[PDB]
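> Residue numbers (PDB author numbering), protein chains in the order written: chain D, 31 to 339, 397 to 440; chain C, 31 to 339, 397 to 440; chain B, 31 to 339, 397 to 440; chain E, 31 to 339, 397 to 440; chain A, 31 to 339, 397 to 440.
Even for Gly, the Cβ is constructed at its ideal location relative to N, Cα and C.
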Amino acid sequence: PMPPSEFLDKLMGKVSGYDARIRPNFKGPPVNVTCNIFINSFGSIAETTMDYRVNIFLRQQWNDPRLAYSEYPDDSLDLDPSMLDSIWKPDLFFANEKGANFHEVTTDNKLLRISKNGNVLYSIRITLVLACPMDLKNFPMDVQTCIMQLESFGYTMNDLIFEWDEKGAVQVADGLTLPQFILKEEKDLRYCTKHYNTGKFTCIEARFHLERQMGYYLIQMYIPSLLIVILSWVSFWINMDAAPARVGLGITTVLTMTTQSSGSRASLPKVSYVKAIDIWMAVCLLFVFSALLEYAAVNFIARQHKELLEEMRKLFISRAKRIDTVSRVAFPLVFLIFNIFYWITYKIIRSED
Amino acid sequence: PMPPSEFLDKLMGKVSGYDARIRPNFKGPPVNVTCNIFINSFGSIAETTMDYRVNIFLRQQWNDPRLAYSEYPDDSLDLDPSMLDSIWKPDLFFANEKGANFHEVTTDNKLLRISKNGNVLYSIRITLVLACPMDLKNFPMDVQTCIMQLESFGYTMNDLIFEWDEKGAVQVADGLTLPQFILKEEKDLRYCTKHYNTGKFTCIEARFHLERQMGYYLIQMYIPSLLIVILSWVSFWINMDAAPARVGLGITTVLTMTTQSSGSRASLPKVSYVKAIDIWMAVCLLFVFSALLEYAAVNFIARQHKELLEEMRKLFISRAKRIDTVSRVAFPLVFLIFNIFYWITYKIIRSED
Amino acid sequence: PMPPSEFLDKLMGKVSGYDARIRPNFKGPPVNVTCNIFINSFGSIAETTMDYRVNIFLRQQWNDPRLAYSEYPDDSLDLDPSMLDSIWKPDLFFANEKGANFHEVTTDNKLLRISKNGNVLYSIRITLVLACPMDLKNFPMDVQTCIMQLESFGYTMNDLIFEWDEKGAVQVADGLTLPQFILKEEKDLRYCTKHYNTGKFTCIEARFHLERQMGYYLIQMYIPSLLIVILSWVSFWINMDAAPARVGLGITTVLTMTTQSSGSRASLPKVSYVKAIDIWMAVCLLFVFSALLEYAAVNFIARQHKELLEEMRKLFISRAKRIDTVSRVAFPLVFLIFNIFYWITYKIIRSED
Amino acid sequence: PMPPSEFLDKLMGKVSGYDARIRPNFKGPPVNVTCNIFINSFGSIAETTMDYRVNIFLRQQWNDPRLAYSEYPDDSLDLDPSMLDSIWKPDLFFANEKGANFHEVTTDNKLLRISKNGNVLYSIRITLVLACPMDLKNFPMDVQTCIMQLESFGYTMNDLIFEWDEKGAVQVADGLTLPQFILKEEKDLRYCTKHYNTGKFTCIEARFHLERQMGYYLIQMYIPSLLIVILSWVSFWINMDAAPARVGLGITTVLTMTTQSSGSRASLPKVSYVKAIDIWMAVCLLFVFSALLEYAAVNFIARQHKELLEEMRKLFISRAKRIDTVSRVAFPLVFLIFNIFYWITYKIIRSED
Amino acid sequence: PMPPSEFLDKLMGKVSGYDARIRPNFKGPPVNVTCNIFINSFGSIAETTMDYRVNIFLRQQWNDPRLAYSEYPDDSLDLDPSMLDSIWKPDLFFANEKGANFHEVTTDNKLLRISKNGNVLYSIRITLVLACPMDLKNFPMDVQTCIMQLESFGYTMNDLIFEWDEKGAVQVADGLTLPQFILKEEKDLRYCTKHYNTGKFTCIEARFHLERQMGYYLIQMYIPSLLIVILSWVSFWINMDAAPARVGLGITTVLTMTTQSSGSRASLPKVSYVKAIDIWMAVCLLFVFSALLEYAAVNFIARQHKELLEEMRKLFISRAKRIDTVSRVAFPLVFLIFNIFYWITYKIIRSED
Ligand SMILES: *[C@@H]1O[C@H](CO)[C@@H](O[C@@H]2O[C@H](CO)[C@@H](O)[C@H](O)[C@H]2NC(C)=O)[C@H](O)[C@H]1NC(C)=O
Ligand SMILES: *[C@@H]1O[C@H](CO)[C@@H](O[C@@H]2O[C@H](CO)[C@@H](O)[C@H](O)[C@H]2NC(C)=O)[C@H](O)[C@H]1NC(C)=O
Ligand SMILES: *[C@@H]1O[C@H](CO)[C@@H](O[C@@H]2O[C@H](CO)[C@@H](O)[C@H](O)[C@H]2NC(C)=O)[C@H](O)[C@H]1NC(C)=O
Ligand SMILES: *[C@@H]1O[C@H](CO)[C@@H](O[C@@H]2O[C@H](CO)[C@@H](O)[C@H](O)[C@H]2NC(C)=O)[C@H](O)[C@H]1NC(C)=O
Ligand SMILES: *[C@@H]1O[C@H](CO)[C@@H](O[C@@H]2O[C@H](CO)[C@@H](O)[C@H](O)[C@H]2NC(C)=O)[C@H](O)[C@H]1NC(C)=O
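1) Could you tell me if the beta carbon of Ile191/B falls within a distance shorter than 7 Å of some heavy atom in ligand 3?
2) Below 7 Å between beta carbons is the criterion; list the residues of the region 48 to 64 of chain D that meet it against any residue of chain E, in chain order.
3) For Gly293/E, which three-state DSSP category applies?
4) At a cut-off of 7 Å, is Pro60/E close to ligand 4 when judged by its beta-carbon and the heavy atoms of the ligand?
5) If we count the other Cβ atoms within 10 Å of its Cβ and call it buried at 16 or more, is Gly280/C buried or exposed?
6) Find the residues of chain D that neighbour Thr228/C, judging by a C-beta separation of less than 9 Å, and give them in chain order.
7) Report all residues from its chain with a CB closer than 8 Å to the CB of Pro95/B; omit the five preceding and five following residues, and keep chain order.
8) Who are the neighbours of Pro254/E on chain A, taking C-beta pairs under 9 Å?
9) Please go through the same chain and pick out, in chain order, the residues whose beta-carbon is closer than 7 Å to the beta-carbon of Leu114/C, but skip the five residues on each side of it.
10) Starting from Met244/B and walking both ways along the alpha helix (DSSP H), at which residues does that stretch end?
11) Using the C-alpha atoms, what's the distance from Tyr99/C back to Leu107/C?
12) Could you give the first and the last residue of the continuous beta strand (DSSP E) run that contains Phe192/A?
13) Hey, is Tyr221/E's beta-carbon within less than 8 Å of any beta-carbon in chain A?
14) Using 8 Å as the Cβ pair cut-off and three pairs as the minimum, do the region 298 to 310 of chain C and the region 243 to 255 of chain D touch?
15) Here's a check: name, in chain order, each residue in its chain whose Cβ is nearer than 8 Å to the Cβ of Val284/D, leaving out the five neighbours to either side.
16) Within 10 Å of its beta-carbon, does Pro274/D have 16 or more other beta-carbons around it, so buried, or fewer, so exposed?
17) In three-state terms, what does DSSP make of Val301/C?
18) Verify the CB distance criterion: does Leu420/B have a CB-CB separation below 8 Å to chain A?
19) At which residues does the alpha helix (DSSP H) containing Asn426/E begin and terminate?
20) On the three-state DSSP scale, how would you describe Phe37/A?
21) Thinking C-beta only, is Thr186/B closer than 8 Å to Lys230/B?
22) As a quick exercise: from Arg409/E, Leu339/E, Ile309/E, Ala296/E, pick the residue whose alpha carbon is nearest that of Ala327/E.
23) At a CB-CB cut-off below 8 Å, which residues of chain E make contact with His133/A?
24) Under 7 Å between beta-carbons, which chain A residues line up against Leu402/B? List them in chain order, please.
25) Under 8 Å by Cβ, that's how I've got residue 442/C and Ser405/C pegged, so tell me the actual separation to the nearest angstrom.
26) Mapping the DSSP letters down to three states, classify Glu324/A as helix, strand or coil.
27) Could you work out which residues of chain C lie near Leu322/B, taking near to mean beta carbons separated by less than 9 Å?
The following block contains the structure:
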């Protein structure tokens, strides 16, 4: 029954005592802010610069003793999004940020609801490039935790205290998949605090859990390396008399192992601690290098026989045959038990982390 | 007959009851928005980050009971584009966005038309970087669907409902070609809806269909691999006595197949599910590896004959000749039937998707 | 004799009837805009994303029946560049754009002149990243045409019509050279038109012509490939008895041809139609592959002779010598006539396009 | 007891004599600014463009004779962050900058405190891309110093003088680690000054110390090179009669050393002075090249014996055996004493810098 | 003695006749602007896109007949940097620009001084990405000249004329070094002019001189190539009987020369004119190719002897020995005189440019 313009002008205006630069219920208890997180599109995680791009909606609810009309017959009112510089929006920033621009397509992407009691709604979609300090102890499994710290800036703990919600904590979009990782539906959340030299500031956070969807690294690194140890066993199944071919084969296998190994760490950023992949590459490289060394020893034994050329002649030839046959038998069992030990210790550490 | 300035000042002014912060025909039925899409320049699709750049014009028409002059002798009026903060433009955003800036060259790229009844026009060219979740089950064919979701932000389903148009749905520019794909002239379109925890919001979308213009991947991957299996058949047409040359040829072919294979997946982003190209590379690699293995077996048989050096001698030589000739015959027929089976199953799946 | 401030305040002010939001000589004939283009710095053309960066000055002249003082003793007046929001600048955009920011260093880069009759001047330097749909039928020659479409946005053909100039059409900077291309001094220009669903809009364009300054591609691709066919002729001038060396040489040449070929298309964006360079690479690859095949055939003939080891013995040896000598003679003449045919068909198509 | 709005309006208003465009206690002594630095997230250092990204909080305190209410019962007051254009914030810039944008997420990231005496607080989080002129005399150790120069712009030394703090100088975040370097807890700090042609300006700086967390460069460069000298010693443990194999092995090792060496300097920017890594690569390359040269000399001696083929025959064979055995003994001791000398001179220079 | 606010309000205000939109001493002589350049941080020159990043301070002084208080006892006054839209700053732009943003960290980076006579100061730090058309006739020496053209925009030669200074022309920062180049302390400067179709505009410029600090290109390109010609001389010091090894060595050296050569031009942008480095690579490639050719000729001579196998036999063997020994002697003297001729013509052209 009353004109909409008149109601809007009177409320949050200059003819009333509403001042947008001061905290409501001044000089008393702090105001509680209830935040909810709707993840719109997770993805584009950078593993070389330790960051990821995510756009949240950041809806926050609080109560004020003012702006309580209590005269309209409905429960809540929808206000226009171009009158947000008089609603006293609270302060909120992220402790790990890079850029973090707004969204201004067609019209401003703000929202502002107001009810009879004073519980408001304020959600703004913002694209964040949050930096996460991921620890990469083992590269193939790569269990990871990503955070974000909602924290005030200029309002202490005894001035403004933030809180989470109970009906739903962190919501995700329906049908949201990632090509690198998969999202865990546990959504571990708690909150820390900050102690600077100016006062005690609140800082609420939330943790995510992302594990690697295996199958890429098996074809890029594990499958080619296997085709190299089989190549060295192929060098074991060849005639000893021929010097050119064998030598070339051993050398070529070693070179490929080095190139591959190198190229495997290119995507990864410079790190000091040895990785799981490095251990695998070193073991393979050792096997191929050992094969080459075994050939040099056999060649030397045969050469010694040639230089000294009855019973010792046959003994040397027999020794060369025996070492080659025992190397052909011994090499796949040690590699198979290394493969079994390696995958069983990494599957139990994948279950344990 | 009446002064233009006076008419402009009176309409959408402060001496009248027009308030730009409130929805027209308040507390009643919702207002319908009729949207049209003119694609100006499609292209620059990113296959490694799953996005594409497109600039639409976004013309939207709606009706209001106000701004109905009904006193000028013409049907419609052209207003200046610097008076858009009083025309109550509705809210519209895209659910998949990255950046999405405006266009401000020379003068603002807005448009605003107004007729006697109140049907307005509002088109703004905006460059969008829309993220599309493309599924790459088979890489060479790469059938793809790209979308965009027009959705309100702050107006529920019972407050503002969007709709499409009937005279033309999504228009494209005349003579618009893409180097990677080709545009399908079907333009499949329908609309979903959104259900958040704050209310029911409308969400209108449109789907495109882009198929790969084949001919690039045939020269980059298929043509070189063929020149590798012919190389292994060349190794089959060589004398068995010579150990260096053959060994080197087999090894070299295998190495090229691995390098090529690796480099072929560099453009593609990290994915878990095996691709069609990977299957082709594996089959080729297997053929060349098998050739190498066949040579090792022949070499071993010949060596056995050498170590034991009448009727068994001839039998061993005959066996070596027989295995080489049957391998030279058997290898191109298995590769030819694999090529026929591979291309016929991919052409029937290209017709089926 | 009259105060400058008073004259400025009265003209394009609120005490006069000048309204900046309305077109001059309203409800009558359209106003003609005379545009000139001064290219400041052409360059930075992107061949992988089909675009180029150019900064024009965009001076445009038009006439209005208002702003005709006719009281100062000079012909024209220079106004300050911070009073451009009251001069009714017309609308102009480009149909192919990416970014296209302004220039704001020290002071605004605008210009505004006004004469006694009303012919104004308005030039603004803007850096444009225009997208051009270049067709690359033949890569080395790469004849190209680049455009830019000046078009209004909100003013129809019967409301505002653009035109070019007659004293000079498109000016270039003195001493402007490009490292990739060279500018043609013809400057072909004409104008198209646009027909959308809202009305008939004017669209004026201009075409440039850029041809490749040859000498880069001759050293990067043509010179190394020649040094590969000479390498295969070197393999032809070697003894047939030696199996290792020859085989290795043939294989190595083939591998280099493949690597080179691959790497040559890296700069170029993904395209479907076969290029001129690809044809050259294929022909060279065929020659080297053929050489390898020729060796395998000779080796096989010699091996047959070895297995059967009087008159047929000499005949086989003679045949091996004859095939090698005829291959050594036949191979440079076919390659020389291919080189002559290839360069004469590309020089006549370079003269014809 | 007094209304908050009235107090805010009167203070830093137009009804009082507070002018925000003039320095407090004008025409007298300069005002001292006490700055503190809280490092929020150090990291993303660029070693190829000599820069690093760091976000500081920049809290600065100063005193003014105005804004001394002395009427509220508390010690300090918290003001709103949207009234900062009337508090006369001082001027501060950085002498080495690239970009250096602000932070505007949800609400402005400013802070403003005011006490009864007039000591204010003003902290703003700003992401800085500071350029540091790092000297890379030795690449593996890479001891580095990073700075930042806080300096005024428009206020001379006798007008505004900056100072540091005594209770804490430069604070770091709790649990801040870097993947490339490690932060030194000394935090060396002092201050320089500037003398331009316009006056004497103050310039306060702070220096950091970052040393390389070793373990990356040991696996990427040192470990593969060792596996190359062992490869050349493998070539020393092979029969001299065989010419193909040995030659190939020597050549292959030399080629890998060159490729590796090249690729090792790719990350590093173009520099003129020789690096420590280059010295190591050159020494290794020399050892492998020397091995190859040793083989050529032995081959030549054996060939001479072949061409001349009693007592000199045996003497030549004996000489070939003696040179090979003495090269097999002499080569690992010279490489081991080079390794000992190299690591002991670099560990004493790592302790000395 | 007079209030600072009153003086500031009266001067450059609306109660006086000062108009910021008009040139001082109107309709008379032009105003002279004295510019000085302080280079803060030179560096980050791009050799592939022909540009460089430099931040200047751009202090400019001019005189006006207005703003002459002549009532304060000091010589000059310091004004606040937030009142620059009323001081009539002149127009200045750069003819070669890319981006060229401002600097806004903490407070605006402007400066404004005003004396009793009217000589003002105005310095603004701006980061410029100036495009320079460098000519690369010889790549290792790479003598270069970089410019920047200060020019007005909207004020003709008879309206506003710019000038340089006499006490210092272009100042550099103390201790400013570059990793790629070194700065010449000559600072050649003069000024051109512009003649467009609208009038005569002033354009003042300054030229820098940057020469290459040699030592990078000697290790990346010159040192590896030498280790390739020594490798071909190693192939000359080997036994002719062995066909595999030699052939492989020749081929490998040629391949490395090609790969290296290619990779050397990767950093450089596409250019047509042959470079000095290309000439060096071609000469080296020719020497290694020639060595390979020499071997083929010797092999052919030996083969001819084998096919014909008394006095001609010895003569052929003697000829093979003579050609090998004369090639081993002749090859290092031609390469040494080429090295001497090459470095003496480039050191005299380095002294001449
Ligand atoms: C939400 O705010 C209310 C007041 O605005 C807080 O209630 C006060 O909390 C303190 C600490 O427990 C008590 O000493 C007061 O007596 C409470 N006030 C009243 C009126 O009961 C409340 O703690 C806040 N909620 C949370 C979760 O902290
Ligand atoms: C366009 O808007 C009109 C009203 O503005 C809608 O018409 C109403 O629709 C509801 C639902 O069907 C009916 O119950 C009402 O009776 C309609 N009003 C009238 C006056 O007839 C209409 O539905 C909208 N168009 C679309 C496609 O939804
Ligand atoms: C420039 O504008 C004038 C009017 O502003 C145009 O002149 C009119 O053109 C139409 C079409 O030929 C004629 O029917 C009218 O009679 C013309 N008016 C007058 C007063 O002669 C003119 O065509 C425009 N110039 C161009 C090149 O289109
Ligand atoms: C802080 O500021 C005060 C004044 O605002 C400075 O005190 C003056 O310093 C000069 C130089 O030593 C003396 O000659 C004056 O007598 C001092 N004034 C008074 C009232 O004592 C002080 O130096 C500044 N602090 C620092 C560290 O420079
Ligand atoms: C600086 O400006 C003054 C005037 O503002 C210029 O002086 C005039 O120059 C012209 C050309 O030489 C003479 O014809 C006038 O007579 C000069 N005026 C006076 C009052 O002497 C002066 O040329 C400018 N400086 C420079 C270097 O051009």
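Short version:
1) Checking the Cβ of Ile191/B against ligand 3 gives yes.
2) The region 48 to 64 of chain D vs chain E, Cβ under 7 Å: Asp49, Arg51, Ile52, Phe56.
3) Look at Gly293/E here: in three-state DSSP terms it is helix.
4) With a cutoff of 7 Å, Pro60/E counts as near ligand 4, since its C-beta is closer than that to a heavy atom of the ligand.
5) Per the 10 Å Cβ criterion, buried.
6) Neighbours of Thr228/C in chain D, taken as residues at a C-beta separation under 9 Å, are given in chain order as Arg89, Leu141, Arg143, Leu151, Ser153.
7) Around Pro95/B: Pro54, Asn55, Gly148.
8) Within chain A, no residue comes near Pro254/E; the closest Cβ sits about 18 Å away, beyond 9 Å.
9) For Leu114/C, where only same-chain residues beyond five positions count, the Cβ hits under 7 Å are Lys140, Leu142.
10) Bounds of any alpha helix (DSSP H) do not take in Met244/B, whose DSSP letter is neither H nor E.
11) Put simply, the backbone Cα of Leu107/C is about 11 Å away from that of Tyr99/C.
12) Run containing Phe192/A: 190 to 193, per the beta strand (DSSP E) assignment.
13) At a cut-off of 8 Å between C-beta atoms, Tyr221/E does not count as an interface residue with respect to chain A.
14) These segments touch.
15) Sequence-distant Cβ neighbours of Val284/D in its own chain, meaning closer than 8 Å and more than five residues away, are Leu315, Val318, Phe319, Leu322.
16) With 16 or more other Cβ atoms within 10 Å, it is buried.
17) Looking at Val301/C - three-state DSSP - the assignment turns out to be coil, as it is neither helix nor strand.
18) Chain A contact via Cβ: absent.
19) In the DSSP assignment, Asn426/E falls within the unbroken alpha helix (DSSP H) covering 398 to 439.
20) Helix at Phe37/A.
21) Going by C-beta atoms, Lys230/B is nearer than 8 Å to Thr186/B.
22) Nearest C-alpha to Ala327/E: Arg409/E.
23) In chain order: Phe123, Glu127, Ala130.
24) Those do not exist, as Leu402/B stays about 16 Å from chain A at its closest Cβ, beyond 7 Å.
25) Residue 442/C lies beyond the residue range present for chain C, which begins at 31 and ends at 440; the question has no answer from this structure.
26) Three-state result, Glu324/A: helix.
27) The CB of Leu322/B comes closer than 9 Å to the CB of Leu261, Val264 in chain C, given here in chain order.
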